[PDB]
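For reference, data-v2.txt is printed below; it contains compact mmCIF, C-alpha atoms and all ligand atoms.
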# COMPACT_ATOMS: atom_id res chain seq x y z
CA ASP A 1 102.43 111.17 143.51
CA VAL A 2 103.07 108.09 145.65
CA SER A 3 103.10 104.44 144.62
CA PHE A 4 102.58 100.95 146.06
CA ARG A 5 102.93 97.60 144.32
CA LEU A 6 101.40 94.44 145.79
CA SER A 7 103.64 92.25 143.61
CA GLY A 8 106.55 91.39 145.90
CA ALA A 9 105.11 93.50 148.74
CA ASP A 10 106.30 92.83 152.27
CA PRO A 11 106.17 94.74 155.58
CA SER A 12 109.18 96.83 154.59
CA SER A 13 107.93 97.93 151.15
CA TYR A 14 104.54 98.70 152.66
CA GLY A 15 106.25 100.75 155.39
CA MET A 16 108.10 102.69 152.69
CA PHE A 17 104.76 103.41 150.95
CA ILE A 18 103.12 104.66 154.16
CA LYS A 19 106.17 106.84 154.89
CA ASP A 20 105.90 108.23 151.32
CA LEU A 21 102.18 108.94 151.80
CA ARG A 22 102.80 110.79 155.07
CA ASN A 23 105.67 112.75 153.48
CA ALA A 24 103.52 113.77 150.49
CA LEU A 25 101.10 115.63 152.78
CA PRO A 26 102.13 119.27 153.20
CA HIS A 27 102.47 121.02 156.54
CA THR A 28 104.10 124.23 157.82
CA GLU A 29 103.86 123.45 161.54
CA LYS A 30 104.24 120.56 163.96
CA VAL A 31 102.20 120.37 167.15
CA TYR A 32 103.91 118.32 169.86
CA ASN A 33 106.20 117.15 167.05
CA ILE A 34 103.31 115.79 164.91
CA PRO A 35 102.76 117.27 161.42
CA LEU A 36 99.70 119.55 161.42
CA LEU A 37 97.74 119.28 158.17
CA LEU A 38 96.91 122.56 156.45
CA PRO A 39 93.58 124.40 156.91
CA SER A 40 93.12 124.43 153.15
CA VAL A 41 94.82 124.18 149.77
CA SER A 42 93.40 125.83 146.65
CA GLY A 43 93.16 124.22 143.23
CA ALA A 44 94.65 120.94 142.06
CA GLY A 45 97.37 121.00 144.73
CA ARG A 46 94.68 119.92 147.19
CA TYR A 47 94.79 116.35 145.87
CA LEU A 48 97.46 113.66 146.14
CA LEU A 49 97.42 110.79 143.64
CA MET A 50 98.25 107.30 144.91
CA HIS A 51 99.18 104.76 142.24
CA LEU A 52 98.23 101.30 143.49
CA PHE A 53 99.10 98.13 141.59
CA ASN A 54 97.51 94.76 142.30
CA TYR A 55 99.62 91.61 142.22
CA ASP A 56 99.05 91.17 138.45
CA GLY A 57 100.26 94.72 137.79
CA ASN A 58 96.87 96.31 137.13
CA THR A 59 96.49 99.78 138.56
CA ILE A 60 94.08 102.29 140.00
CA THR A 61 94.95 105.87 140.89
CA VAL A 62 93.35 107.16 144.10
CA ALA A 63 92.79 110.88 144.78
CA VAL A 64 93.41 111.94 148.37
CA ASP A 65 92.59 115.36 149.87
CA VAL A 66 95.88 116.40 151.52
CA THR A 67 94.19 118.52 154.19
CA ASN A 68 92.36 115.64 155.72
CA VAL A 69 93.60 112.38 154.09
CA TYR A 70 90.06 111.72 152.79
CA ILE A 71 89.84 109.59 149.63
CA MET A 72 87.76 111.54 147.08
CA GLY A 73 87.66 109.05 144.22
CA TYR A 74 89.81 106.97 141.92
CA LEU A 75 90.57 106.20 138.29
CA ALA A 76 90.34 102.75 136.89
CA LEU A 77 91.36 102.47 133.29
CA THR A 78 89.34 105.11 131.50
CA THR A 79 86.58 105.48 134.11
CA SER A 80 86.70 107.76 137.13
CA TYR A 81 84.69 107.11 140.28
CA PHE A 82 83.88 109.71 142.94
CA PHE A 83 82.00 109.65 146.20
CA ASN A 84 78.54 111.13 146.27
CA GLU A 85 79.44 114.17 148.33
CA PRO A 86 80.30 117.83 147.63
CA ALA A 87 84.03 117.55 148.49
CA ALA A 88 84.38 114.72 145.95
CA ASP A 89 82.32 116.59 143.33
CA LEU A 90 84.71 119.54 143.82
CA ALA A 91 87.67 117.16 143.51
CA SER A 92 86.26 115.87 140.20
CA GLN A 93 86.90 119.36 138.80
CA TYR A 94 90.67 118.82 139.22
CA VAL A 95 91.59 115.12 138.97
CA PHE A 96 90.99 112.40 136.36
CA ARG A 97 89.57 114.92 133.87
CA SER A 98 90.96 112.80 131.01
CA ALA A 99 88.66 109.87 131.99
CA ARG A 100 86.31 108.80 129.20
CA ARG A 101 83.41 108.65 131.66
CA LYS A 102 82.81 109.59 135.27
CA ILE A 103 80.67 107.54 137.61
CA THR A 104 79.42 108.96 140.89
CA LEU A 105 79.23 106.17 143.46
CA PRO A 106 75.84 105.72 145.17
CA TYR A 107 77.24 106.65 148.61
CA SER A 108 79.43 109.21 150.36
CA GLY A 109 82.83 108.26 151.74
CA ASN A 110 82.09 108.02 155.43
CA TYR A 111 82.32 104.71 157.28
CA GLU A 112 78.68 104.66 158.17
CA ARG A 113 77.44 104.99 154.60
CA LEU A 114 80.10 102.62 153.24
CA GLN A 115 79.23 99.94 155.82
CA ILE A 116 75.53 100.25 154.98
CA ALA A 117 76.34 99.91 151.26
CA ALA A 118 78.73 97.02 151.90
CA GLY A 119 76.18 95.19 154.07
CA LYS A 120 78.59 94.83 156.99
CA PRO A 121 80.51 96.81 159.61
CA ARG A 122 84.24 96.94 159.11
CA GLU A 123 84.57 94.98 162.38
CA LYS A 124 83.75 92.00 160.13
CA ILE A 125 85.87 92.91 157.07
CA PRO A 126 89.38 91.39 157.06
CA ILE A 127 92.19 93.79 156.20
CA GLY A 128 95.82 93.25 155.27
CA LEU A 129 97.94 93.30 152.14
CA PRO A 130 96.02 90.46 150.49
CA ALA A 131 92.75 92.31 151.18
CA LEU A 132 94.28 95.45 149.61
CA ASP A 133 95.29 93.46 146.52
CA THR A 134 91.66 92.22 146.31
CA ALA A 135 90.27 95.72 146.86
CA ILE A 136 92.29 97.11 143.94
CA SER A 137 91.09 94.26 141.70
CA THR A 138 87.47 94.82 142.73
CA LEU A 139 87.65 98.55 142.02
CA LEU A 140 88.93 97.88 138.46
CA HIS A 141 85.43 96.75 137.42
CA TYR A 142 82.40 98.61 138.69
CA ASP A 143 80.17 96.90 141.22
CA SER A 144 78.97 99.40 143.80
CA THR A 145 78.14 96.91 146.58
CA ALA A 146 81.53 95.19 146.15
CA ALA A 147 83.28 98.56 145.82
CA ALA A 148 81.96 99.75 149.22
CA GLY A 149 83.74 96.84 150.93
CA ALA A 150 86.86 97.35 148.84
CA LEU A 151 86.87 101.04 149.77
CA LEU A 152 86.63 100.23 153.50
CA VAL A 153 89.73 98.08 153.03
CA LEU A 154 91.49 100.71 150.91
CA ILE A 155 90.80 103.57 153.33
CA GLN A 156 92.06 101.62 156.34
CA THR A 157 95.16 100.30 154.62
CA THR A 158 96.20 103.68 153.28
CA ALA A 159 94.82 106.74 155.04
CA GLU A 160 94.30 105.25 158.48
CA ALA A 161 97.76 103.61 158.43
CA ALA A 162 99.28 106.99 157.47
CA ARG A 163 97.46 108.59 160.43
CA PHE A 164 98.46 106.01 163.05
CA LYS A 165 101.66 104.00 163.39
CA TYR A 166 99.70 101.33 165.28
CA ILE A 167 97.45 100.78 162.24
CA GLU A 168 100.62 100.64 159.61
CA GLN A 169 101.92 97.94 162.12
CA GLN A 170 98.58 96.09 162.16
CA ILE A 171 98.70 95.92 158.36
CA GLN A 172 102.37 94.88 158.36
CA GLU A 173 101.35 92.01 160.66
CA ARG A 174 98.73 91.15 158.01
CA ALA A 175 101.21 91.17 155.11
CA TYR A 176 100.41 87.58 154.06
CA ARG A 177 97.18 86.83 155.98
CA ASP A 178 94.14 89.07 156.37
CA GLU A 179 92.47 89.60 159.70
CA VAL A 180 89.65 91.82 160.85
CA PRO A 181 90.90 95.03 162.51
CA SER A 182 91.51 95.06 166.27
CA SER A 183 89.02 97.04 168.33
CA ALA A 184 91.89 99.43 169.12
CA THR A 185 92.32 99.99 165.37
CA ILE A 186 88.60 100.79 165.04
CA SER A 187 88.81 103.03 168.11
CA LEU A 188 91.71 105.05 166.66
CA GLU A 189 89.99 105.48 163.30
CA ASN A 190 86.90 106.79 165.06
CA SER A 191 88.97 109.12 167.29
CA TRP A 192 91.29 110.79 164.76
CA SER A 193 89.33 114.04 164.60
CA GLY A 194 88.89 114.15 168.39
CA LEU A 195 92.56 113.38 169.10
CA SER A 196 93.71 115.86 166.47
CA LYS A 197 91.57 118.56 168.09
CA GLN A 198 92.59 117.83 171.70
CA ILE A 199 96.30 117.73 170.85
CA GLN A 200 95.88 121.20 169.32
CA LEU A 201 93.81 122.45 172.29
CA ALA A 202 96.54 121.17 174.64
CA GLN A 203 99.07 123.69 173.20
CA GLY A 204 97.65 126.54 175.30
CA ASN A 205 96.63 124.25 178.15
CA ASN A 206 100.01 122.91 179.35
CA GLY A 207 99.70 119.71 177.30
CA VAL A 208 96.36 118.81 178.91
CA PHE A 209 93.29 117.84 176.84
CA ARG A 210 90.26 120.12 177.32
CA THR A 211 88.13 116.97 176.92
CA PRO A 212 89.45 113.42 177.43
CA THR A 213 89.39 110.99 174.50
CA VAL A 214 88.25 107.41 175.19
CA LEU A 215 90.07 104.68 173.28
CA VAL A 216 90.19 100.89 173.37
CA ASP A 217 93.72 99.51 173.89
CA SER A 218 95.47 96.41 172.45
CA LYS A 219 94.11 94.17 175.26
CA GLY A 220 90.53 95.29 174.52
CA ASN A 221 90.47 97.63 177.53
CA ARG A 222 88.78 101.04 177.36
CA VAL A 223 91.15 103.88 178.40
CA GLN A 224 90.97 107.68 178.80
CA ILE A 225 93.57 109.86 177.04
CA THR A 226 93.90 113.12 179.02
CA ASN A 227 97.23 114.66 177.95
CA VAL A 228 100.10 114.68 175.44
CA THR A 229 102.34 112.33 177.49
CA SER A 230 100.17 109.41 176.42
CA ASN A 231 101.77 106.91 174.02
CA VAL A 232 98.97 107.54 171.51
CA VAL A 233 100.28 111.12 171.26
CA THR A 234 104.06 110.53 171.63
CA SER A 235 104.32 107.50 169.43
CA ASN A 236 101.23 106.58 167.53
CA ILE A 237 99.49 109.49 165.80
CA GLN A 238 101.44 110.79 162.79
CA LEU A 239 99.14 113.46 161.35
CA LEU A 240 96.76 116.03 162.82
CA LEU A 241 93.54 117.18 161.23
CA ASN A 242 93.57 120.97 161.56
CA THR A 243 90.97 122.28 164.08
CA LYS A 244 89.85 124.70 161.38
CA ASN A 245 88.41 121.58 159.69
CA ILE A 246 86.76 120.20 162.87
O1 LIG B 301 83.14 108.14 159.14
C1 LIG B 301 84.07 108.29 158.37
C2 LIG B 301 84.72 107.22 157.83
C3 LIG B 301 85.79 107.38 156.97
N1 LIG B 301 86.16 108.60 156.75
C4 LIG B 301 87.21 108.90 155.87
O2 LIG B 301 86.70 108.89 154.56
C5 LIG B 301 87.84 109.05 153.74
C6 LIG B 301 87.37 108.86 152.32
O3 LIG B 301 86.01 109.33 152.14
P1 LIG B 301 85.49 110.87 152.14
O4 LIG B 301 86.35 111.67 153.05
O5 LIG B 301 85.32 111.34 150.75
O6 LIG B 301 84.05 110.95 152.79
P2 LIG B 301 83.72 112.03 153.91
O7 LIG B 301 84.33 111.40 155.09
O8 LIG B 301 84.18 113.41 153.52
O9 LIG B 301 82.12 111.95 154.02
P3 LIG B 301 81.18 112.83 154.99
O10 LIG B 301 81.06 112.11 156.29
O11 LIG B 301 81.95 114.11 155.09
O12 LIG B 301 79.84 112.95 154.37
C7 LIG B 301 88.88 108.12 154.39
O13 LIG B 301 90.26 108.57 154.41
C8 LIG B 301 88.34 107.93 155.82
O14 LIG B 301 89.11 108.35 156.92
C9 LIG B 301 85.48 109.69 157.31
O15 LIG B 301 85.82 110.86 157.10
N2 LIG B 301 84.46 109.51 158.12
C1 LIG B 302 98.56 112.34 181.81
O1 LIG B 302 98.52 111.10 181.15
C2 LIG B 302 99.44 110.19 181.71
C3 LIG B 302 99.63 109.01 180.76
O2 LIG B 302 98.41 108.31 180.59
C4 LIG B 302 98.87 109.77 183.06
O3 LIG B 302 99.74 108.86 183.69
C5 LIG B 302 98.68 110.99 183.97
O4 LIG B 302 97.83 110.61 185.03
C6 LIG B 302 98.12 112.23 183.26
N1 LIG B 302 98.58 113.45 183.91
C7 LIG B 302 97.85 114.57 183.99
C8 LIG B 302 98.49 115.74 184.67
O5 LIG B 302 96.70 114.67 183.54
In structure tokens, how does this file's structure come out?
Amino acid sequence: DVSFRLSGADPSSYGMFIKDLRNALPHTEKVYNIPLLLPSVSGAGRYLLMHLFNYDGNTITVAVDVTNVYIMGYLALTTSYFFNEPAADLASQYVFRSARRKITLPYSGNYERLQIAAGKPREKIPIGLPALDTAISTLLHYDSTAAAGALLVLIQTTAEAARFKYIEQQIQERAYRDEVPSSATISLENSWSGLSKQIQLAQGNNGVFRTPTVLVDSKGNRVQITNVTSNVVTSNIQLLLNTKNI
């Protein structure tokens, strides 16, 4: 398990949590020195539990699929909540079984469905450590519309930050003040599968992408990533989704 406490949180303690989260994901291989997530894991070992504590010390436990860093559901007090999708239903066979009741959320976990449920695109949802504190608090008491927004915050501040160093740094910059994600942040989130695939395809291609990946950069400029010498590959991305899952 991995843990993060919002009480006394700062950029350093958050960095330690994101390092812990990355290190809790198993891998047997690196591709261009980036951990390659496993094709599959059988049984309960598939799921990582994140213990998150809001500023007042209340806690939820979030179940993460270690193959893809996809949040499956969470436990709040004696109630478990899972996404309305088969992967989460499968996950509910292994985690939070001791919950007094289980609620299936009225949406799947993808950004599109969450944004529809939340009533807004995550372009307009501030993120940061205060937003994460709020998200935890919201998820403690069921409200599906509110939860969708909280989950968009949670996903970005945990999984996406684990996947990209740029995004952990964005959140560290928002340690004491929320701000909507940069376009670059959104671009990276949307490109994780594509980047993961092309970095793997580059292995037998002399480091060259079979298909370029278009990203937005920190200045708001749209750029093509064509090979593994790009800073996105050498510095930013920290985890690869296995092509077997793409
Ligand atoms: O479009 C998105 C948006 C978000 N996510 C990811 O969702 C994770 C938690 O949500 P899930 O992983 O459970 O939803 P899913 O994406 O498997 O849903 P389908 O599209 O497969 O129906 C988060 O870690 C985030 O990266 C997506 O996989 N796709
Ligand atoms: C590879 O990407 C680098 C960094 O963006 C770029 O300068 C160069 O033109 C590309 N080289 C090849 C061989 O594609």
Could you give me, as a JSON list (two decimals) with C-alpha atoms, in the frame of the given file, the residues within 12 Å of residue 30 in chain A, counting all atoms listed in the file and dropping anything in the same chain fewer than 4 positions from it?
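Result saved to out.json:
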[["chain", "number", "residue", "atom", "x", "y", "z"],
["A", 26, "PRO", "CA", 102.13, 119.27, 153.20],
["A", 34, "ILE", "CA", 103.31, 115.79, 164.91],
["A", 35, "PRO", "CA", 102.76, 117.27, 161.42],
["A", 36, "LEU", "CA", 99.70, 119.55, 161.42],
["A", 37, "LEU", "CA", 97.74, 119.28, 158.17],
["A", 38, "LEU", "CA", 96.91, 122.56, 156.45],
["A", 196, "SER", "CA", 93.71, 115.86, 166.47],
["A", 199, "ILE", "CA", 96.30, 117.73, 170.85],
["A", 200, "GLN", "CA", 95.88, 121.20, 169.32],
["A", 203, "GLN", "CA", 99.07, 123.69, 173.20],
["A", 238, "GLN", "CA", 101.44, 110.79, 162.79],
["A", 239, "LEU", "CA", 99.14, 113.46, 161.35],
["A", 240, "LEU", "CA", 96.76, 116.03, 162.82],
["A", 241, "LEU", "CA", 93.54, 117.18, 161.23],
["A", 242, "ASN", "CA", 93.57, 120.97, 161.56]]
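All residues of protein, DNA or RNA that reach within 8 Å of residue 73 in chain A, judged by all atoms listed in the file and not counting those fewer than 3 positions away in the chain, are residues 62, 63, 64, 80, 81, 82, 83 and 88 of chain A.
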Write a file of the selected residues as a compact mmCIF listing (two decimals), keeping the file's coordinate frame, keeping C-alpha atoms.
# COMPACT_ATOMS: atom_id res chain seq x y z
CA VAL A 62 93.35 107.16 144.10
CA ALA A 63 92.79 110.88 144.78
CA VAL A 64 93.41 111.94 148.37
CA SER A 80 86.70 107.76 137.13
CA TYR A 81 84.69 107.11 140.28
CA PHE A 82 83.88 109.71 142.94
CA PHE A 83 82.00 109.65 146.20
CA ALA A 88 84.38 114.72 145.95
Residue 192 in chain A environment, 12 Å, only C-alpha atoms, sequence neighbours closer than 5 positions dropped, as a PyMOL selection string: chain A and resi 68-69+159-164+185-187+197-199+213-215+232-233+236-243+246
Would you list the residues that come within 10 Å of ligand LIG 302 (chain B)? Count all atoms listed in the file and give the answer as a VMD selection string. chain A and resid 206 to 209 212 223 to 233
Using the selection just defined, write its residues with C-alpha atoms as a short mmCIF file (atom, residue, chain, number, x, y, z; two decimals), in the coordinates of the input.
data_model
loop_
_atom_site.label_atom_id
_atom_site.label_comp_id
_atom_site.auth_asym_id
_atom_site.auth_seq_id
_atom_site.Cartn_x
_atom_site.Cartn_y
_atom_site.Cartn_z
CA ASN A 206 100.01 122.91 179.35
CA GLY A 207 99.70 119.71 177.30
CA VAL A 208 96.36 118.81 178.91
CA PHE A 209 93.29 117.84 176.84
CA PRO A 212 89.45 113.42 177.43
CA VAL A 223 91.15 103.88 178.40
CA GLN A 224 90.97 107.68 178.80
CA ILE A 225 93.57 109.86 177.04
CA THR A 226 93.90 113.12 179.02
CA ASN A 227 97.23 114.66 177.95
CA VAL A 228 100.10 114.68 175.44
CA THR A 229 102.34 112.33 177.49
CA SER A 230 100.17 109.41 176.42
CA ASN A 231 101.77 106.91 174.02
CA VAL A 232 98.97 107.54 171.51
CA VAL A 233 100.28 111.12 171.26
#
Protein and nucleic residues near ligand LIG 301 (chain B), 9 Å, only C-alpha atoms and all ligand atoms, as a PyMOL selection string: chain A and resi 64-65+68-73+82-88+107-114+151-152+154-156+158-160+189-190+192-193
Taking all atoms listed in the file into account, which of A:5, A:51, A:100, A:22 comes nearest residue 130 in chain A?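 Counting all atoms listed in the file, the residue closest to residue 130 in chain A is A:5.
CA of residue 96 in chain A is found 18.3 Å from CA of residue 41 in chain A.
Taking CA of residue 6 in chain A as the reference point, CA of residue 148 in chain A is found at 20.4 Å.
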Selection: 10 Å around residue 218 in chain A, all atoms listed in the file, excl. self and same-chain fewer than 5 positions, as a PyMOL selection string: chain A and resi 166+182-185
